[PDB]
Amino acid sequence: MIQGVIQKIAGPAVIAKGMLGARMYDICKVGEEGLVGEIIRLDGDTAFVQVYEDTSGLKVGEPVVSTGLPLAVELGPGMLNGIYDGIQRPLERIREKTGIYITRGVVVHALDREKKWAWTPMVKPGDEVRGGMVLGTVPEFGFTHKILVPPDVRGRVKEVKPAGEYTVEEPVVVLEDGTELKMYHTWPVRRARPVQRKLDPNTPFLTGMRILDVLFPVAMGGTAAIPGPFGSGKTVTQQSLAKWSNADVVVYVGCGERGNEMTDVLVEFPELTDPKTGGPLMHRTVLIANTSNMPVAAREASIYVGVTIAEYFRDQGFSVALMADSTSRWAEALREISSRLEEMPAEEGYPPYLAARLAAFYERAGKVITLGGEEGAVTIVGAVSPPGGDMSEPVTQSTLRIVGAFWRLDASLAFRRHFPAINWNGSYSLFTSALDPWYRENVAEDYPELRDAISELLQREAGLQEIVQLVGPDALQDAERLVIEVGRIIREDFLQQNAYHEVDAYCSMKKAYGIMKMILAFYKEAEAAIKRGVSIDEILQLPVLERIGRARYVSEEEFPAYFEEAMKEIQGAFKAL
Amino acid sequence: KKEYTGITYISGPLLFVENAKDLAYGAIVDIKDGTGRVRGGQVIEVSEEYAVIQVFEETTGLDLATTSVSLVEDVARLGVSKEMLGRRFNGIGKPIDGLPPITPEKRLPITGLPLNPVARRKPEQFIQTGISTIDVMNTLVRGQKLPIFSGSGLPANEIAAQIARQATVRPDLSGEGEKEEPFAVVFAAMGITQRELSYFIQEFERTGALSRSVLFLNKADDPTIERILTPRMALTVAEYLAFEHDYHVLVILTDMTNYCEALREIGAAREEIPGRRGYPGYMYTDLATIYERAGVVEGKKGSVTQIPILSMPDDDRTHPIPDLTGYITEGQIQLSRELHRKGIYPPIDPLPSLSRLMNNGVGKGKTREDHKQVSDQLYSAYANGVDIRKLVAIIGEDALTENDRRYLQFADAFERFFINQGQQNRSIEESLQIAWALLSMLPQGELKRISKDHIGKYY
Ligand SMILES: Nc1ncnc2c1ncn2[C@@H]1O[C@H](COP(=O)(O)OP(=O)(O)O)[C@@H](O)[C@H]1O
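First to last, the sequence lines map onto chains A and D. Sequential numbering of the first sequence, starting at 1, is according to PDB author numbering. Sequential numbering of the second sequence, starting at 5, is according to PDB author numbering.
Right, here's the structure in full:
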């Protein structure tokens, strides 16, 4: 095909010689072991091998042979309930052939070749088709797992095997075109499979963290970003989505995140129930995990595969939630190549490509009608990590002003003890107006007004905060200390959930909505308390405050009536005193 | 043509190309591959050995093996036509509406040249916007550049596209025939999301005004190269409007943060050493030239307005990208959280904000007489009240004298109604009235900046 040998091997990169006719970015095998390569530069006939795994133990003058396909995960039915290396290798089988070591020199298959499956067809043979037109529905768990024409294929059918178990590899469709569709179909990664067309979004991506659903929120096509220094909950706020999002598929993938946080979701996740079936929640799950410890270059691979997976599922028709855990390391990874190939860099040494390969990523999708005429959403909420705390640093900032919905996760907040506390005096979402329809109808018809008044206090409260630190809470009188305290409670109780309290760690709108109406009331009547002639001073020390306190803890079932009880308790417990 | 092939050394976005001689600096060329798809690359750095061409896009697939390069054309550029005036176009200058291309009347060198100084005629005219506050207090004069410093997440865009459609110069108030002069809004954003891309097109088409405007809008993802030329396009296209036919243009570029984000990358690869805090040394210059498309030029009657709106990252006024501008553009109109948190729209502060040149705006014999003094009224009045609103928190309200106690209430009516203006459009004349009214709230015979006459006719 095209073959040469090692000329210069030193570091994760190598330079082979005796090569020509290569193409940019192409998988290869290097060393006697065979390891998985990439073409990333040419210079006459010598080529920079980028070598996906480790190295060590190599000699100069060993195989170097390309096949000339440029990366791609082979996508088809049966992928859930697994874990996948950076080139989608199922570690199960690996573990079964090794022991307890990720060892080089490994080759297996992406989708297992044994299991056969219950087929069903749609179209009759002797029919016409065009790109991405649905064909067969193999069932798969609580899902219905369709199969499409691989994009950019068109023609006319000629046979169709009827129902029964059938292999993954099998050609179960023949064409009058001499072509063959088999169950899966391989698709690159650098490209970006089209869809029928692009369209606006308006459906909220529910999430159940009050803080991500009453204040800042996200569109369905949403793109956002979450940052915060080390020890800030960065991971855990993606944990919750992975077990309380509201869609078909969580596709949690993290690159450069430790084992411990991964494996845990593989021993807890079996025993839980989804809000959309009742089954083991692990059905809507991917995990393409590729922890820090592993190779260098894999950290680059990793993401773009799970972007693609994000398309692949959307494609069938569902509602992708992809979230990359800790994309920033990716930058570091990219830049480690750089160093060795000698590319002068831009600030903070990142090679100038920060935008180049960022900006393509995040733009990707949301509510986009498919070739199949389904409603496709790509939901990404990117995690990032700065390396300082200085948000001024480039790789961070470049995220803003490429995507909307910015949440910032304050650092000094969290040292105390809340979670997943954010600064809402940093943060800002954009998506928040085009959510109004759905909210009105679905939730309550007066909700957005009732929320803006909450921000009315909340963002105004700093107005006083500063003056507190300029002359104490002393000599701030009473419409003064009203607010301070109201709001004090507003974050003490409306902004801090957990991810470990047994219940109360997920909410419906309508519940949350409830909590939120109370407080307004309490503000209102208090406003009329002091104006009438009494004082907050004791009002704080009313028993009824603490009822508003503990409040969040009761569950839904009780919730209506809980809430109704305070609805009595208010009007009496003001007028009396 | 057929020709120049055997390309050696391609690393990432750079590309060396075998012996050409034909080429020129600032040439642009077709790269062709092994699969028929074609790609473009600008001609930078060339010698007696090689030239340097730059893949615009991705380079996925290329080969040491032959896959030639076609010389497109000298110093590329584009033509123009009056036809253009309701279209949808991307970057370079291709039809994104889906209706067949233009047909010239000219070709235009896209390095925009620089004017002359004598030729320029001092501004003296006026332009309404249709937004209030940015006409009353600090008034966009005609043939003027000026920019809206936004914050990180305050909503620029909307406050953009309102002031897109809304404006119409009233020559009326000055005296002359109405349709002696028509209005062209030339608009270009960049780094727009699939999301953003749609908020424009929806609003634009709504009541429609696409039929009196030109589009240009270089998607976010889209190659970084073309980005660089992108504005220069819609700038030069603007010339052809006023100088060869007279028109009154309003150019509105957007998000020049992107302009530099994107910039840097280019320079970072093409070589140089970046100066202070990055932002490649020759920024000052490069940025300068994307602003000399403005002002009226004697004899000629039409002219260009710049409003380029951009966002800072450090939320300052010290980071260079905005700071820089602030030496060559002439004023500043910020947006604060404060307003916006409390929910107003479009939040444009008062006091941070001020157009240095605006004296030759509004006039007694130009467009309404009293405006001058309204402007220095509500400003200085305002700031006086914003203190009280804080200090009332330390002493209660039982220690405010009468005159001044009213200066509190002023603020409330100012903030709640006056700078809010939803989707209501207004006009310079209706707007001045409102103002007046509010000023009536505080005690008279005191607003001593303004002269007595006027108060004797309005209250
Ligand atoms: N929702 C929560 N409830 C309780 N503790 C939390 C919560 N979120 C975070 N924490 C605590 O704070 C820690 C911060 O999360 P961590 O895993 O360190 O995130 P990262 O290192 O990715 O920023 C958690 O490990 C946990 O101990």
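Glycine residues also receive a C-beta, built at the ideal position from the N, C-alpha and C atoms.
- Residue pairing of A:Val129 in beta bridges, as defined by DSSP: A:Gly155.
- Beta-bridge partners of A:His185 (DSSP): A:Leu75.
- By the neighbour-count criterion, in which a residue is buried when 16 or more other Cβ atoms sit within 10 angstroms of its Cβ, D:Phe421 is exposed.
- If you draw a 10 Å sphere on the C-beta of A:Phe415, you find fewer than 16 other C-beta atoms in it, and that means exposed.
- No Cβ of chain A is located within less than 8 Å of the beta carbon of D:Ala238.
- Distance from the Cα of A:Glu546 is smallest, within the candidate group A:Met518, A:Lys531, A:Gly533, for A:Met518.
- Here D:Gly271 has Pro284 as same chain residues with Cβ atoms under 6 Å from its own Cβ, once five neighbours each way along the sequence are excluded.
- Beta-bridge analysis with DSSP links D:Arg43 to D:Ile35.
- Note that the segment 133–147 of chain A touches the segment 71–79 of chain A; at least 3 beta-carbon pairs, one per stretch, sit closer than 8 Å.
- Remark: the C-beta of A:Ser232 is in contact range of ligand 1, defined as less than 7 Å to any heavy atom.
- Judged by beta-carbon spacing, A:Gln238 lies within the 8 Å limit of A:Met323, meaning their Cβ atoms are closer than that value.
- The residue from D:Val140, D:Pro121, D:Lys6 with its alpha-carbon nearest to that of D:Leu75 is D:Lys6.
- Collapsing the DSSP output to three states places D:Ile313 in a strand.
- Against chain D, the CB of A:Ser66 has no partner CB under 8 Å away; the residue lies outside that interface.
- A Cβ-Cβ separation of about 17 Å leaves D:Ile205 out of contact with D:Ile167 under the 8 Å criterion.
- As DSSP reads the structure, D:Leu257 sits in a beta bridge with D:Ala192, D:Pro312.
- Interface residue (Cβ-Cβ distance to chain D less than 8 Å): A:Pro217 is not classified as such.
- Of the residues A:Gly487, A:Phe419, A:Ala444, the one whose Cα lies closest to the Cα of A:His501 is A:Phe419.
- When C-beta atoms of the segment 336–348 of chain A are compared with those of the segment 8–28 of chain A, three or more pairs fall below 8 Å, so the two segments count as touching.
- In this structure, the CA atom of A:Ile6 is about 5 Å from the CA atom of A:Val60.
- Residue pairing by DSSP puts A:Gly4 in a beta bridge opposite A:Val64.
- Short note on A:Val236: C-beta closer than 7 Å to some heavy atom of ligand 1.
- When DSSP states are grouped into helix, strand and coil, D:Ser215 belongs to the helix group.
- If you check the CB distance, D:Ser217 and D:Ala246 do not come in under 8 Å.
- Where D:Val73 is concerned, the enclosing beta strand (DSSP E) starts and stops at 73–75.
- In this structure, the straight-line span from the alpha carbon of A:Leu212 to that of A:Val443 is close to 16 Å.
- Taking 8 Å as the CB threshold, D:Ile14 lines the interface with chain A.
- Your pair A:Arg190 and A:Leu71 checks out as a contact, with CB atoms roughly 7 Å apart and the cut at 8 Å.
- Relative to the Cα of D:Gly157, the nearest Cα in the group A:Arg401, A:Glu449, A:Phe559, A:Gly549 belongs to A:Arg401.
- Residue pairing of A:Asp325 in beta bridges, as defined by DSSP: A:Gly254.
- Residues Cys255, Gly256, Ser292, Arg299, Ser385 of the same chain have their beta carbon placed closer than 8 Å to that of A:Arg329, with the five preceding and five following residues left out of the count.
- Contact check for D:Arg321 against D:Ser384 fails: the beta carbons are separated by 8 Å or more.
- Beta-carbon to beta-carbon, A:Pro295 and A:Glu53 are separated by about 5 Å, close enough to satisfy the 8 Å threshold.
- Within the chosen limit of 7 Å, ligand 1 does not reach the beta carbon of A:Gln465 with any heavy atom.
- The straight-line gap separating the alpha-carbon atoms of D:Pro227 and D:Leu221 is approximately 12 Å.
- Remark: the shortest separation between the CB of A:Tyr553 and any heavy atom of ligand 1 does not fall under 7 Å.
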